Amino acid sequence: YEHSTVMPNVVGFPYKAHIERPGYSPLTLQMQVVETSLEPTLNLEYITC
Amino acid sequence: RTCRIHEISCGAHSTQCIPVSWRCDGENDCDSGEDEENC
Amino acid sequence: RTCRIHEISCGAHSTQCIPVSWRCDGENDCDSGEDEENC
Amino acid sequence: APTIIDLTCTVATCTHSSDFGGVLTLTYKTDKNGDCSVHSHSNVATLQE
Ligand SMILES: [Ca+2]
Ligand SMILES: [Ca+2]
C-alpha cells in the first residue's frame with residue numbers, strides 16, 4: 001500500500017499520520033525527527049596564517 | 001439438562017441446548033468448551 | 001472460558017475476554033487483576 | 001428448522017476484487033439454536049459459505 005504525507009521540519013514535534021485503507025482498520029503512524037544536519041560542499045581557495 | 005432427544009445440554013448451572021451435530025465438531029459451540037472435551 | 005484464540009480469559013466466575021497483548025503490560029485490565037500476576 | 005424473523009443485512013466491507021472481498025453481517029432473532037442454509041438470489045454476488 002502506497003501512502004504520502006508531509007511532515008514539518010522541526011526537531012521534536014510529534015507528527016502522526018493516519019492511513020485509511022479499505023478492508024482494514026485505520027492505522028496511525030507516529031514519526032518525528034530527532035536531529036538534522038545541513039552540509040555545504042566546500043572548495044578550498046587558500047590557507048592563511 | 002433434560003432437553004430434546006435431537007439435541008443435548010451443555011451446561012449444569014446454565015441451560016443451553018445444542019444439536020448433537022455440534023458435539024465434537026472442532027469448534028466450541030458453548031460458553032464452556034465441553035463440546036470438544038474427551039472426544 | 002475458551003474464548004477467541006487471540007484473547008485470553010481473566011476470571012472464573014465472570015466472562016470478560018482480553019487481547020493477549022494486554023497480558024503483563026504493567027497496568028490492570030480485569031477486575032480480578034491477574035493480567036499482572038506471575039510475570 | 002429454527003424460525004427466523006426480522007432479518008437485517010448490513011455490509012461491513014466491500015471491495016470488488018477477484019476473491020471474496022466483501023463482508024456482510026445478519027441480525028436476527030431465533031427461537032432455538034440450529035443450522036440454517038444461506039443463499040443469494042442474484043448472480044451479482046456469490047456467497048462463500
Ligand atoms: Ca462443538
Ligand atoms: Ca494488563
# chains A, B, ... in the order shown; residues from 1 in each chain; ligands from 1
call {"tool": "interface_residues", "arguments": {"of": "chain D", "to": "chain A", "cutoff": "8 Å", "atoms": "only C-alpha atoms", "output": "ChimeraX atom specification"}}
result
/D:13-15,21
call {"tool": "interface_residues", "arguments": {"of": "chain B", "to": "chain D", "cutoff": "9 Å", "atoms": "only C-alpha atoms", "output": "ChimeraX atom specification"}}
result
/B:17-19
call {"tool": "residues_near_ligand", "arguments": {"ligand": "ligand 2", "cutoff": "9 Å", "atoms": "only C-alpha atoms and all ligand atoms", "output": "VMD selection string"}}
result
chain C and resid 18 21 to 30 33 to 36
call {"tool": "atom_distance", "arguments": {"atom1": "CA of residue 10 in chain C", "atom2": "CA of residue 9 in chain B"}}
result
25.5 Å
call {"tool": "atom_distance", "arguments": {"atom1": "CA of residue 31 in chain B", "atom2": "CA of residue 48 in chain D"}}
result
26.8 Å
call {"tool": "select_by_dssp", "arguments": {"residues": "chain A", "states": "strand (DSSP E)", "output": "list in words"}}
result
residues 16, 17, 18, 19, 27, 28, 29 and 30 of chain A
call {"tool": "write_last_selection", "arguments": {"atoms": "N, CA, C and O atoms", "output": "PDB file, in the first residue's frame"}}
result
ATOM      1  N   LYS A  16       1.939  12.700  13.489  1.00  0.00           N
ATOM      2  CA  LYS A  16       1.130  11.494  13.409  1.00  0.00           C
ATOM      3  C   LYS A  16       0.394  11.458  12.082  1.00  0.00           C
ATOM      4  O   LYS A  16      -0.278  12.425  11.716  1.00  0.00           O
ATOM      5  N   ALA A  17       0.512  10.336  11.378  1.00  0.00           N
ATOM      6  CA  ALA A  17      -0.098  10.136  10.072  1.00  0.00           C
ATOM      7  C   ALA A  17      -1.177   9.068  10.168  1.00  0.00           C
ATOM      8  O   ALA A  17      -0.955   8.011  10.764  1.00  0.00           O
ATOM      9  N   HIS A  18      -2.333   9.340   9.577  1.00  0.00           N
ATOM     10  CA  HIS A  18      -3.454   8.413   9.580  1.00  0.00           C
ATOM     11  C   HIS A  18      -3.602   7.773   8.210  1.00  0.00           C
ATOM     12  O   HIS A  18      -3.684   8.476   7.199  1.00  0.00           O
ATOM     13  N   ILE A  19      -3.650   6.448   8.180  1.00  0.00           N
ATOM     14  CA  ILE A  19      -3.805   5.691   6.946  1.00  0.00           C
ATOM     15  C   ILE A  19      -5.137   4.962   7.005  1.00  0.00           C
ATOM     16  O   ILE A  19      -5.369   4.143   7.900  1.00  0.00           O
ATOM     17  N   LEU A  27      -4.821   2.891  10.514  1.00  0.00           N
ATOM     18  CA  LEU A  27      -3.519   2.811  11.157  1.00  0.00           C
ATOM     19  C   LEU A  27      -2.987   4.215  11.388  1.00  0.00           C
ATOM     20  O   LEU A  27      -3.008   5.047  10.477  1.00  0.00           O
ATOM     21  N   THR A  28      -2.507   4.476  12.599  1.00  0.00           N
ATOM     22  CA  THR A  28      -1.853   5.735  12.927  1.00  0.00           C
ATOM     23  C   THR A  28      -0.363   5.477  13.080  1.00  0.00           C
ATOM     24  O   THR A  28       0.047   4.622  13.871  1.00  0.00           O
ATOM     25  N   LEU A  29       0.438   6.210  12.318  1.00  0.00           N
ATOM     26  CA  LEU A  29       1.886   6.065  12.308  1.00  0.00           C
ATOM     27  C   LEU A  29       2.498   7.349  12.843  1.00  0.00           C
ATOM     28  O   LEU A  29       2.291   8.422  12.270  1.00  0.00           O
ATOM     29  N   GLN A  30       3.247   7.244  13.934  1.00  0.00           N
ATOM     30  CA  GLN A  30       3.910   8.398  14.518  1.00  0.00           C
ATOM     31  C   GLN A  30       5.388   8.375  14.168  1.00  0.00           C
ATOM     32  O   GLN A  30       6.034   7.327  14.220  1.00  0.00           O
TER      33      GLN A  30
END
call {"tool": "residues_around", "arguments": {"residues": "residue 20 in chain D", "least_positions_apart": "2", "cutoff": "9 Å", "atoms": "only C-alpha atoms", "output": "list in words"}}
result
residues 15, 16, 17, 18, 22, 23, 46, 47 and 48 of chain D
call {"tool": "residues_around", "arguments": {"residues": "residue 33 in chain A", "least_positions_apart": "3", "cutoff": "9 Å", "atoms": "only C-alpha atoms", "output": "list in words"}}
result
residues 9, 10, 11, 12, 13, 14, 15 and 36 of chain A
call {"tool": "write_last_selection", "arguments": {"atoms": "N, CA, C and O atoms", "output": "compact mmCIF listing (two decimals), in the first residue's frame"}}
result
# COMPACT_ATOMS: atom_id res chain seq x y z
N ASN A 9 9.47 20.26 9.24
CA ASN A 9 10.88 20.11 9.58
C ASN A 9 11.17 20.92 10.83
O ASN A 9 11.76 22.00 10.80
N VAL A 10 10.74 20.39 11.97
CA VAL A 10 11.05 20.95 13.28
C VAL A 10 11.42 19.80 14.20
O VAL A 10 10.73 18.77 14.23
N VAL A 11 12.51 19.95 14.94
CA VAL A 11 13.05 18.87 15.75
C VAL A 11 12.22 18.73 17.01
O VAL A 11 12.06 19.69 17.77
N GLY A 12 11.70 17.53 17.25
CA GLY A 12 10.97 17.23 18.46
C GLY A 12 9.47 17.23 18.33
O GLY A 12 8.79 16.74 19.24
N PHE A 13 8.92 17.75 17.25
CA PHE A 13 7.48 17.78 17.08
C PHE A 13 6.95 16.37 16.84
O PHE A 13 7.42 15.70 15.91
N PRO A 14 6.00 15.88 17.62
CA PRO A 14 5.45 14.54 17.39
C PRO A 14 4.41 14.56 16.28
O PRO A 14 3.28 15.01 16.47
N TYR A 15 4.80 14.06 15.11
CA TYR A 15 3.91 14.03 13.96
C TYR A 15 3.21 12.68 13.89
O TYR A 15 3.79 11.64 14.19
N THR A 36 18.92 17.04 12.75
CA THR A 36 19.06 17.38 11.34
C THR A 36 20.45 17.96 11.11
O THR A 36 21.03 18.58 12.00
call {"tool": "interface_residues", "arguments": {"of": "chain C", "to": "chain B", "cutoff": "9 Å", "atoms": "only C-alpha atoms", "output": "list in words"}}
result
residues 1, 2 and 3 of chain C
call {"tool": "atom_distance", "arguments": {"atom1": "CA of residue 15 in chain B", "atom2": "CA of residue 3 in chain D"}}
result
19.9 Å
